[PDB]
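Structure first, then comments.
Protein chains: 2
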Amino acid sequence: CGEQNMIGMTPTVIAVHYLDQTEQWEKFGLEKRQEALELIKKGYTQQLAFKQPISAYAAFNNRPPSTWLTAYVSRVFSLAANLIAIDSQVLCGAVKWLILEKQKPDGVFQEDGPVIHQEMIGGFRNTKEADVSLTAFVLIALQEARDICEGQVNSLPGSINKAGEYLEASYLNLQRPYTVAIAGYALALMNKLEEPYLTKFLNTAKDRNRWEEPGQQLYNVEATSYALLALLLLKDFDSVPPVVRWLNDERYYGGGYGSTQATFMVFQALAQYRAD
Amino acid sequence: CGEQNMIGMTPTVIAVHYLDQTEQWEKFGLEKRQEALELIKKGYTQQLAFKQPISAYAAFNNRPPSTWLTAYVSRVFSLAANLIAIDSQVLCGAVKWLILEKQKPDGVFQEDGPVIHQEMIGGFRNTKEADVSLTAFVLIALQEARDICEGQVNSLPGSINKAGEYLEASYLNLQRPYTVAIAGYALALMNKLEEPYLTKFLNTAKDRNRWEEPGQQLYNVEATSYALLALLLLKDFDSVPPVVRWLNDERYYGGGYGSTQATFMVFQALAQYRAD
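Structural data, given as structure tokens:
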């Protein structure tokens, strides 16, 4: 499957993370966590069958590697490392590949092998401002992999810093609410989400509770989650409530077609809101 | 996969059904419905690879058939028939098998080949009062298959009627809120959810908004959905609001481990509430 495996394991990975972080296993069923973990273990091991000699991933071992997919595996695996035993070699191998292979001198990340399952990449599917969409996504995944990989890949901080500058250089001119949300969060992780970019980020929201694009329900849940995470990072608990409320009302569709990004992001964001 | 295929396609099938029935594709994205339908088409065709010569299903073609799984396929396919083209021979073949092969003279349905994925069967996993759990579940699936199969399997109404009597005969003595909920709905479909059984059904709810079992979040969403459907059938719009509100607040986990039954049931129930 390669891509589908990541689609299938996502809901469980982030659900355990959410129940863990919010300490709500009592209501859920404490005896259920081990079986969930076994599912995650199966998914991680299954994904290794698709790790190419380069440490990158693709739907099939015969298919050229996807920059987005490899970054998503690093994003999931970085989070799953707190739940199951993940091999550092595997996670940091992918990180290394992205940095040394897919980043341009201006900090941009490029996709040379588009995923077949375009419904699993969220708002990134809309190609408008995809350079900023991919760069922020990759930057975010790299940030999330720092805990484990920075020590092994000392080039990680630099790649991340260059990515952020590219984002900074193109932030104000962005037209897409989705891109403003994802790059906003990435800039916040960079501690760069200030003044000019700050009002640009906030002023892109509708009713100050969502970063919405017409007729794109799931893109909006995902985007608003990134935004919620950014606001949490800024500790702007002033605009947090409205966002959490809306995100909370979204009729998201868990294991449904096209819901991979919004599932991961909504629970990561809601979990973060509680832990914050 | 056999069992996993049904687990994987469930969220999309009921999501399309829900968005269809509630007419909310505008917000979701009208151009997204066709790709979802293609996913459902892939799932249905994939499931046919697991239809045994007997028209029954199991995780593998080498594995003896599961009564519950075959009934769940009938339940999903009956609903999916309104979304994609489903072969009557396939659906009714399974229905026939259940009736002529798995029902005992007292109306009870028996499971001779337990599913491997016990996390996909919801509250039925708890073996307490499993005879009533399985009989109600199968009865419900058979009821839902009536539209298409009753004309081809004239023995269907009788099997259903015998099943309901078995449930009636054991309703009052039930201890489990989950079993009271599922059998309650089945009795309501039977137009048998009256007086003695009625107060038994209602009085099993907590705060008149949920049929809860301690530490079983997902069993409770599922059971409360069956209960909500029963209430809708009785047109007792008095106790409906509180139930809908709670069901609505449940942090259900879409494509997560152990969420197959609650996903299908919550959206079927919430969709019905709207259309009602």
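As given, the protein sequences belong to chains E and D, one line each in that order.
Heads up: take any position in the first sequence, counting from 1, add 1009, and you land on UniProt numbering.
Heads up: take any position in the second sequence, counting from 1, add 1009, and you land on UniProt numbering.
For every residue, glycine included, the Cβ atom is placed at its ideal position computed from N, Cα and C.
Legend entry - chain D contact residues for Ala-1024/E, given Cβ-Cβ distances below 7 Å: Those within 7 Å of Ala-1024/E in chain D are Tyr-1262 and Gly-1265.
Inset, instruction - May I have the straight-line CA-CA distance separating residue 1302/D from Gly-1052/E, to the nearest angstrom? - result: Chain D is shown from 1010 up to 1285; residue 1302/D falls before or after that span and cannot be answered.
Legend entry - Partners in chain E for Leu-1078/D, counting only beta-carbon separations shorter than 7 Å: Neighbours of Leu-1078/D on chain E: none; closest Cβ ~18 Å, over 7 Å.
Legend entry - For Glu-1044/D, the nearest candidate out of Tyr-1266/E, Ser-1097/E and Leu-1198/E (CA to CA): For the residues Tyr-1266/E, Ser-1097/E and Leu-1198/E, the minimum Cα distance to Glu-1044/D belongs to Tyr-1266/E.
Legend entry - C-beta neighbour in chain D for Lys-1215/E, strict 8 Å: No, because no Cβ of chain D sits closer than 8 Å to the Cβ of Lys-1215/E.
Legend entry - Stretch pair the segment 1167-1176 of chain D + the segment 1190-1208 of chain D: three plus CB contacts closer than 8 Å: With a cut-off of 8 Å, the segment 1190-1208 of chain D and the segment 1167-1176 of chain D count as touching, because enough Cβ pairs lie within range.
Inset, instruction - Please state whether DSSP places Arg-1185/D in a helix, a strand or coil. - result: Looking at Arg-1185/D - three-state DSSP - the assignment turns out to be coil, as it is neither helix nor strand.
Inset, instruction - Look at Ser-1075/D and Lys-1105/D and say whether their C-beta atoms are less than 8 Å apart. - result: Taking C-beta atoms as the reference points, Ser-1075/D and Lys-1105/D fail to come closer than 8 Å.
Inset, instruction - Assuming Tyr-1187/D contacts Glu-1153/D (C-beta within less than 8 Å), just tell me the rounded distance between them. - result: About 19 Å; that fails the 8 Å criterion.
Inset, instruction - Classify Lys-1137/E as helix, strand or coil using the three-state DSSP reduction. - result: Reduced to three states, the DSSP call for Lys-1137/E is coil.
Inset, instruction - Could you name the residues that DSSP lists as bridge partners for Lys-1060/D? - result: Within the DSSP bridge table, the entry for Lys-1060/D names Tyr-1066/D as partners.
Legend entry - Cutoff 7 Å; reference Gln-1030/D; Cβ partners in own chain excluding five residues on either side: Excluding sequence neighbours, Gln-1030/D sits near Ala-1280, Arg-1283 and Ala-1284.
Legend entry - Top-ranked residue by Cα proximity to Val-1025/D, from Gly-1011/D, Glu-1035/D, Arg-1042/D and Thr-1054/D: Looking at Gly-1011/D, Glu-1035/D, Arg-1042/D and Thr-1054/D, the one whose alpha-carbon comes closest to that of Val-1025/D is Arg-1042/D.
Legend entry - Proximity test, Cβ basis, 8 Å: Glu-1044/D and chain E: Cβ-Cβ to chain E under 8 Å: yes for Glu-1044/D.
Legend entry - Closer than 8 Å to chain E by CB, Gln-1030/D: Cβ-Cβ to chain E under 8 Å: no for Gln-1030/D.
Inset, instruction - Look up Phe-1246/D in the DSSP assignment and say whether it is helix, strand or coil. - result: Looking at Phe-1246/D - three-state DSSP - the assignment turns out to be coil, as it is neither helix nor strand.
Inset, instruction - Label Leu-1109/E either buried or exposed according to how many other C-beta atoms from any shown protein chain fall within 10 Å of its C-beta, with 16 as the threshold for buried. - result: Exposed, because fewer than 16 other Cβ atoms sit within 10 Å of the Cβ of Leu-1109/E.
Legend entry - Alpha carbon of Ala-1278/D to alpha carbon of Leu-1238/D, nearest angstrom: Looking at the two C-alpha atoms, the distance is approximately 6 Å.
Inset, instruction - Could you name the residues of chain D that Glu-1153/E contacts, counting a contact when the two beta carbons are closer than 9 Å? - result: Those within 9 Å of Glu-1153/E in chain D number zero; the least Cβ separation is about 21 Å.
Legend entry - Helix, strand or coil at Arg-1217/D [DSSP, three-state]: Residue state, collapsed to three classes: coil.
Inset, instruction - Check distances from the C-beta atoms of the segment 1047-1064 of chain D to those of chain E and list, in chain order, the residues that come in under 9 Å. - result: So the list reads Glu-1047, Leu-1048 and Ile-1049, given in the order they occur along the chain.
Inset, instruction - Could you have a look at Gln-1112/E and say whether DSSP puts it in helix, strand or coil? - result: For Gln-1112/E, the three-state secondary structure derived from DSSP is strand.
Legend entry - Whole alpha helix (DSSP H) elements within the segment 1161-1207 of chain D, 4-residue minimum: Within the segment 1161-1207 of chain D, the complete alpha helix (DSSP H) runs of at least 4 residues are 1165-1180 and 1186-1198.
Legend entry - Where the alpha helix (DSSP H) containing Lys-1036/D begins and where it ends: Bounds of the alpha helix (DSSP H) holding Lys-1036/D are 1034-1037.
Inset, instruction - Just tell me which of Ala-1232/D, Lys-1244/D, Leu-1107/D and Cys-1101/D has its CA closest to the CA of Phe-1276/D. - result: The alpha carbon of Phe-1276/D has as its nearest neighbour, out of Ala-1232/D, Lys-1244/D, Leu-1107/D and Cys-1101/D, the alpha carbon of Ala-1232/D.
Legend entry - DSSP beta-bridge partners of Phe-1118/E: Bridge partners of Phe-1118/E: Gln-1112/E.
Inset, instruction - To the nearest angstrom, report how far apart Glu-1128/E and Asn-1014/E are at their CA atoms. - result: Straight-line Cα distance between these residues: approximately 14 Å.
Inset, instruction - Take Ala-1271/D and list the residues in its own chain whose beta-carbon comes closer than 7 Å to its own, dropping the five residues that flank it on each side. - result: Excluding residues up to 5 positions away in sequence, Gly-1131, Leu-1227, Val-1230, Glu-1231 and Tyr-1261 lie with their Cβ nearer than 7 Å to the Cβ of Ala-1271/D in the same chain.
Legend entry - Neighbour flag for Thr-1021/E against chain D, beta carbons, 8 Å: Taking 8 Å as the CB threshold, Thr-1021/E lines the interface with chain D.
Inset, instruction - Output, in chain order, the set of chain E residues within a Cβ distance shorter than 8 Å of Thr-1272/D. - result: Chain-ordered, the chain E residues with CB closer than 8 Å to the CB of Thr-1272/D read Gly-1263 and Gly-1264.
Inset, instruction - Find the residues of chain E that neighbour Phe-1037/D, judging by a C-beta separation of less than 7 Å, and give them in chain order. - result: Within chain E, the residues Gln-1226 have their CB atoms less than 7 Å from the CB of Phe-1037/D, given in chain order.
Legend entry - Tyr-1228/E, DSSP secondary structure in three states: Residue state, collapsed to three classes: helix.
Inset, instruction - Note down the Cα distance separating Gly-1224/E from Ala-1214/E, rounded to an integer number of angstroms. - result: Each residue's CA atom was taken as its position, placing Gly-1224/E and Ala-1214/E some 15 Å apart.
Legend entry - Interface residues of chain E facing residue 1299/D [CB-CB closer than 7 Å]: Here chain D has residues from 1010 to 1285 only, and residue 1299/D is not among them.
Inset, instruction - Please confirm whether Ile-1149/D and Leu-1100/D have their CB atoms less than 8 Å apart. - result: No Cβ-Cβ contact shorter than 8 Å links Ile-1149/D with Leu-1100/D.
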